[PDB]
Amino acid sequence: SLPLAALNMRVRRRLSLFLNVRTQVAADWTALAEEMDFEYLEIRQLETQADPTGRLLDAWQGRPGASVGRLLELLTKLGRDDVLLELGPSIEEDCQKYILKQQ
Amino acid sequence: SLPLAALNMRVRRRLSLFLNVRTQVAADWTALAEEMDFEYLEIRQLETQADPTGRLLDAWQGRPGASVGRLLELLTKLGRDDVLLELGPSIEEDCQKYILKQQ
Amino acid sequence: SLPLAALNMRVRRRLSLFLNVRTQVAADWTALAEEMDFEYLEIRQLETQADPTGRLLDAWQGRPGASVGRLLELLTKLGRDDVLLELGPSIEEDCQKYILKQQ
Amino acid sequence: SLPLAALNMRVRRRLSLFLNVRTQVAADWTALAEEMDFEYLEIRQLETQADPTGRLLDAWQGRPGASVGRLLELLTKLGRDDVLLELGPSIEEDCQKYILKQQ
Amino acid sequence: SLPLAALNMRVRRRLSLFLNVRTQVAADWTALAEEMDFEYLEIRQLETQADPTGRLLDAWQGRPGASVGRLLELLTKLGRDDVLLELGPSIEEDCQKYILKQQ
Amino acid sequence: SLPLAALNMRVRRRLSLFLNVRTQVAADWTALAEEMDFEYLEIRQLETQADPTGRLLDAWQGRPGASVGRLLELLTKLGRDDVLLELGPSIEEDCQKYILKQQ
Amino acid sequence: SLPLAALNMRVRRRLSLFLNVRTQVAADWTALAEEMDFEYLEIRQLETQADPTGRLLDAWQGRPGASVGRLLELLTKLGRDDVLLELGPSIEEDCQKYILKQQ
Amino acid sequence: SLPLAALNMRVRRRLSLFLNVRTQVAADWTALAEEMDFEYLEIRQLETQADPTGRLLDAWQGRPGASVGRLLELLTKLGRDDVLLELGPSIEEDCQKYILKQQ
Amino acid sequence: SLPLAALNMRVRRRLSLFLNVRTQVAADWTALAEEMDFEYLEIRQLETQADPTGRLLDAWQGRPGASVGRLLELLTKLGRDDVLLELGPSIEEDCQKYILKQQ
Amino acid sequence: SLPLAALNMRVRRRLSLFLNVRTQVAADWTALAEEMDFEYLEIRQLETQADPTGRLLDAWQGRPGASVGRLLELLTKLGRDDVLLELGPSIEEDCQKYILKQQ
Amino acid sequence: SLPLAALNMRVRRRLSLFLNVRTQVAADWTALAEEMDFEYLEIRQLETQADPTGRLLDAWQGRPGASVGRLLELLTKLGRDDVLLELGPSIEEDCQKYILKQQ
Amino acid sequence: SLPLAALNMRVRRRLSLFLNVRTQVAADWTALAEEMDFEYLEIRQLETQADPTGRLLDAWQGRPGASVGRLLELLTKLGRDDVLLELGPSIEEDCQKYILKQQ
Amino acid sequence: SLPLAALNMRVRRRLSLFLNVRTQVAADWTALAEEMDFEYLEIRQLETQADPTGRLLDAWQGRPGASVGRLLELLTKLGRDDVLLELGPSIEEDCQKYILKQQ
């Protein structure tokens, strides 16, 4: 559907709080980065700078498959329903704000 | 119900004091880790780093069945009523604080 | 009320010292930029150049809702009462100077 | 087809919002600048001044292969379909305005 | 009283030496971060970057209850009188310097 | 053949689960680190940081003999056929993905 | 067949209760350790640390002949049918769980 | 008097050599940990990690009664005059060094 | 031979992906920076800013020994044949493009 | 004595190499910035931009106490005799050049 | 020899591409500006406007030591042989054109 | 004599391999840190970040007694002649390189 | 001669298998630890952690008399010719590998 420029700073910080908690067992932002067809060296470069989830979403702005619904189904494919229950209405509320800005 | 981000540092330390006392006979954090569908190698990786209960709860943040009530009923399924009598009101008090933060 | 041209260089530097301290947790200038209906790409463009709070106030000069009182109530909506206690009398003192310049 | 003077300020700002978000992994304006046969020192000179995408399009005004359709196919060669879905109708609407100005 | 901008780099380093010694038993900076109404994911994000006490004080700059006396009474509520006996006169000496800078 | 940048995060975590189970009798990651011509002090430095198998593979990125097939035959020389039966098809599936990324 | 990572913590504790009862006459874990081609000094090193059956199974993770069926036939070769009658269905139930995790 | 930050690494290792020799009869570091008002689960958590005397002194850094003279009188209350005869002049020599660092 | 202005953005990013993976054991970009006669404080200054390999190549633009072949033989002297097998044809392809631009 | 315009680019880079190595323990440029009566928010603003020592000396150009000898005695008050032994003759050589330019 | 009016726009742009790449480590145009006896405030004024190398050469038009050979030996004194190998024949070709214009 | 900026990355890594092997009995980097008049909380802060020997040498850059010969005699005072026999000629070879850079 | 960093993981495990078999009559690792001038409390601290021979060799890395030949003659002074007949060629083979690494 619509690109990830609809997601403003408040949602993109709340995704960061969940996803850059770096765990060796479960699906942190590196599992998401692998599901978005990033090379290992790209993920390893994103590990260095702070907020790697935000830089991951910035690097996944211009990619041939990127959208908001693709992000919401990749977060379901990872099984992390932690984020879709809290960022459920906020992502829709920032979708409708971007649509109203496009009028 | 609500995710394990409602559980702040004070409760998550008091669960750690009970659960990472590693016993060969009774139900320590490894029995809880088995009840949360972790592989043996995941539990064996969590044994290495300090506070394995806290890293266990961090790795069980994003999992398809995780919640606070699921944790409270898995601690009942293990029979450890040691923790539910002391962390009874504290888990509710940090549930209501997270709800009030969501307003 | 009156536009943000009443705010001269001394107040606009003291807002910059508080607001462009970039934090991942609390409300820096990006939370304020989101509260003023800026797109994510606008905020991301303002991050690049130095003094992003000053360029944020320059980009919020000509906007349909902009005023001094709107700024003072958006800084209350973010909860940052750090700035309203120190820039309390200075914003009024530069309001009254702009009024006296209009005579 | 027709040169890049057909692209007025509104499209050239919306390309700037997408393309000068400088990422180390994906295709920002420097990948586009490399696809338009610029030397490394030219791109390095364009990095210094603000809005490097606008100065990139100004430096690619007079070049032997430059057109609007060449820009639209170089943005497809980079795979960034982020911009062609939002700047789809606007580039055509400013093409038809330039044609009507030529009568 | 007065905000935490009165606390310069020397005091803010000496608080860091005491408070980011991370202990599982006593009150390190995470107990202080919980006493300042931070979510678990905020504290978990502050654990990642170096000097978490300094980033904790930066994130507690703009918060509705923040002051120097609030910090001095939260360090008493944690019972850590280690810091109030050594940073006793230094916090007052940097309070009086900030007051003299305000004249 | 092809370098270890073909091995993305999912395989490199599954090698970590088998290989950093530290045993005194059998061949854990330290036997593999010795087979890759590392000094004792290098292995002793890799023991300190978490995920020593991942940091071992990162330190064996740029080495004169490193490849994917060299890793698969060093894991056979150690006799650990535990990993080649489960990471059999996954290493080939991430080889073919890296080849398709090179086109 | 499938490796010993299928055996989670509950089965690996119930094997430990039977097998590390150290007897001079019958077949405890040292007879099993001899049947798995361990040297005397390896078994003597495993005697020192607590739960020697669990460390024995960890040291027999990566070995050229190790599997679950090999363990079940070595426990038959020792004649200990004490364990195969109680850990009969549990080893199959944790085999099928590992297969379902591999999907 | 003065806090336990006066005690540097050499004294804190020599206390560790005496006190973490774990005896069932006499007063090792657990008797000292009980005399410093630690809960049983705190002491049981300190038993797990290596150098429990050093982690005990780190956890007794910020506590309402902690000082160097309190430590020297709690080691007298336990009757262990083994440590006060060898760490007699060294604790004073590191007290006077901390005082000279405070000037 | 020819200077490092022949190396455009695509090669200079692919060198960055390999070389700024910062390892304590092997030869990352700091070993290369030492082989190019940089002082420790220069390398320590280059560590601070992002993409230190790109800023390293920019600081090694104007140096008395710098060329493309010198870079290719210093990457052989470090033994990193990881980069010469993938950036083999690309460095020649951007050499021949710079020569054709010089005509 | 004479102002800091006597210090040209070569000395001001060599002070930068020593002083902006950011350490948590010793006296980097932030201790010097505190000794020159800068507020915490000023130092925090200078941390953001690259070469903070050079921007620190630029912000300490016009200040009521600034001179070259004041800088040389503040670098002695911090105890950093690292810089006065190497930038000993160079600061005098650029003092005498500024005097000869004033004739 | 002959003044810098012999250097036309094409050479003066190619010197600009090399020299105004602003590096903190090597010799950019500010090292050249220091070698031509400019004050720090002059160089700091030249930093503000775009193409600082061209404005540097314009400000070094009328100076008592300025010539083309002085520029070619100051670029050798800085060790930047990057520019003398590419702007070797072009500076001579624009010297001979200026001589032929003087006839 | 000469400061620790003479010691480049290769020597400073080889000191790190010997000195940050953390032992409870012998003289690791913490004994060296105590011999260089660091407080316990400084050493405890240096323990947290990786390569504590390198950060120890960075924090001992600007200190009133620091030099290369002081380091070589403090490593003799600790009795560690392990490092002076292997880093014997390398420290002199990087001393003479720094002297030749000073010319 | 050469230090104990020449002894890699395979020899250091084979010494551990012989030497940490703890006997009350013969010469285990504690007799060797006494022959290397360790205090009783040091040996008693090394008894606690697993592989006490490896931690004994790590604590005897930096000691004024430590070498490989000193170890081989202290194992002869204890009369244990069990280890010199099996670790005869392996210690020489890892000596020659360390020499070839020093080239």
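Reading the values: rules and limits
- Each chain carries its own residue count, beginning from 1 and running in the order its sequence is written; this scheme need not agree with the entry numbering, and residues with no coordinates do not appear.
- Ligands are numbered from 1 and chains lettered from A, in the order in which they are written.
- Side-chain figures throughout are based on the complete set of non-hydrogen atoms in the structure, without hydrogens or water.
- Residues with missing side-chain atoms are left out of burial classes, side-chain pairs and their counts.
- Note on contacts: a residue pair qualifies if any of its non-hydrogen atoms lie within 4.5 Å across the two residues.
- When two parts are put together, the accessible area they lose, computed with a 1.4 Å probe and summed over both, is reported as buried area.
- A side-chain nitrogen of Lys or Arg and a carboxyl oxygen of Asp or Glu constitute a salt bridge if their distance falls within 4 Å.
- To obtain an axis, a line is fitted to C-alpha atoms, over the contacting stretch when the element is a helix, and the angle between two such axes runs from 0 to 180 degrees between their N-to-C directions.
- Put simply, DSSP marks the helices as runs of H or I at least four residues long and the strands as runs of E at least two long, and each gets a number from the N terminus on.
- Comment on the angle field: the value is read as roughly parallel under 35 degrees, roughly antiparallel over 145, roughly perpendicular from 65 to 115, and oblique elsewhere.
- Amino acid classes used here: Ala, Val, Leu, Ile, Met, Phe, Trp, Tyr, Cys and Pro are nonpolar; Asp, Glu, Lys and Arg are charged; the rest, including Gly, are polar.
- Burial here depends on accessible area, computed with a 1.4 Å probe over protein chains only, as a share of the maximum for the residue type. Under 20% is buried, over 50% is exposed, and the range in between is partly exposed.

The PDB entry lists chain A under the name Myeloid differentiation primary response protein MyD88, from Homo sapiens. Per the PDB header, the entry is named "Helical MyD88 death domain filament".

Turning our eyes to something else, we now look at the interface of chain A and chain C. Interface size, as often reported, equals the accessible area lost upon joining of the parts. Taken together, the contacts link 13 residues of chain A with 16 residues of chain C. Between chain A and chain C lies a buried interface of about 1200 Å² when both sides are counted; carbon and sulfur atoms form 46% of it. Sorting the residues of chain A by area buried against chain C places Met-9, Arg-13 and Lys-101 of chain A first, and these three jointly supply 47% of that buried surface. For the interface between chain A and chain C, the tally reads 3 salt bridges. Note that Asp-28 of chain C and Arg-13 of chain A form a salt bridge whose closest N and O atoms lie 2.5 Å from each other.

All names here are of chain C. At a closest axis distance of 8 Å, the pairing of helix α1 (residues 9-19) and helix α4 (residues 52-59) adopts a crossing angle of 120 degrees. In terms of their interaxial angle, α1 and α4 are classed as oblique. Counting all contacts with α1, which are made through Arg-12, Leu-15, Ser-16 and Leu-19, the residues of α4 involved are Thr-53, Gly-54, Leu-57 and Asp-58. Of the residues in the contact of α1 with α4, the class split is 3 nonpolar, 3 polar and 2 charged.

Turning to the arrangement of the chains, a few remarks are in order. Chain E shows no contact with chain I. Their nearest C-alpha atoms sit 14 Å apart. The two units chain B and chain J never meet; even their closest C-alpha atoms stay 25 Å apart.

Turning our eyes to something else, we now look at the pattern of salt bridges. In this structure the tally under the stated criterion is 135 salt bridges over all chains. The closest approach of N and O atoms between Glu-86 of chain B and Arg-14 of chain B, which form a salt bridge, is 3.8 Å. Of this pair, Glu-86 of chain B sits in helix α6 (residues 82-86) while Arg-14 of chain B sits in helix α1 (residues 9-19); the two residues are 72 residues apart in sequence, bridging distant segments of the chain. Judged by relative accessible area, which is 35%, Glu-86 of chain B ranks as partly exposed. A relative accessible area of 16% places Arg-14 of chain B in the buried class. Between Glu-47 of chain L and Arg-44 of chain L there is a salt bridge, with the nearest N and O atoms lying 2.4 Å from each other. Using a relative accessible area of 15% as the deciding quantity, one classes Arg-44 of chain L as buried. Where salt bridges share partners, they join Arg-12, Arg-55 and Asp-58 of chain A together with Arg-22, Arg-44 and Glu-47 of chain C into one cluster.

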